[PDB]
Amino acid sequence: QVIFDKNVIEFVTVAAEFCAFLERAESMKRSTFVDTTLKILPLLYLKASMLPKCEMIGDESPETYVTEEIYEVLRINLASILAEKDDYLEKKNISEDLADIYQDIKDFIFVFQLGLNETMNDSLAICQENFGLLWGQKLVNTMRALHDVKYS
C-alpha cells in the first residue's frame, strides 16, 4: 500500500527530475548548474522527509542499475563542470557527493518503474534506509558547499 501513497509518487517525480538533470549536465555552465542544483536538492530532501514508513520484505533482491562505469562517467562530467570550485575542506568534492546521491536515487527509481510490487516496496525501503547516514547526509553536506560556491 505504501508504494501507492501520494507522498511516494511525488518523491519519485522529483527523484526522476533530479537524475535526469545530472545525467544531462554535460558541458552545462557552472553558474546555471550550481543554481539549479541548489533548488532540486532541497526539494528532494523535503520529499524524502515526508515519506511514510516503509518496511523491508527481503525475499527478492531489487536489480542494481548503477555500475562503476556509470558512476565514474557521471562523477567525471560533474567534476569538469565545477572545475576549481569542486573541492572543499570539511578534501571532498561536490561531484563525488552528487554521484553518491545519484547512486541511491537512480537505483531506486529504476526498480520502482519495473512494476513488481515486492521490489518496488523494497527499493523504496532501501532508499529510505540509506537516507539517514548515506545520501541524505551527503545531500545536506553538499548543499553547504554549493551554497558557498554561489554566494561565498
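Start at 1 and count along the sequence shown; that's the residue number.
Unmodelled residues of the deposited sequence between neighbouring positions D59 and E60 number none; the chain is continuous. Of the two segments examined, 37-45 and 66-74, it is 66-74 that shows the higher average Cα temperature factor in the deposited entry. The mean C-alpha temperature factor is higher for 21-29 when 135-143 and 21-29 are set side by side. Taking only the listed residues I105, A83, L124, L98, the entry reports the highest CA temperature factor at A83.
Among all modelled residues in this chain, the alpha-carbon of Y88 has a temperature factor (C-alpha) in the highest third. In this PDB entry, the Cα temperature factor of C54 sits in the top third of its chain's modelled residues, the highest group. Compared with the other modelled residues of the chain, the Cα B-factor recorded for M120 ranks in the middle third.
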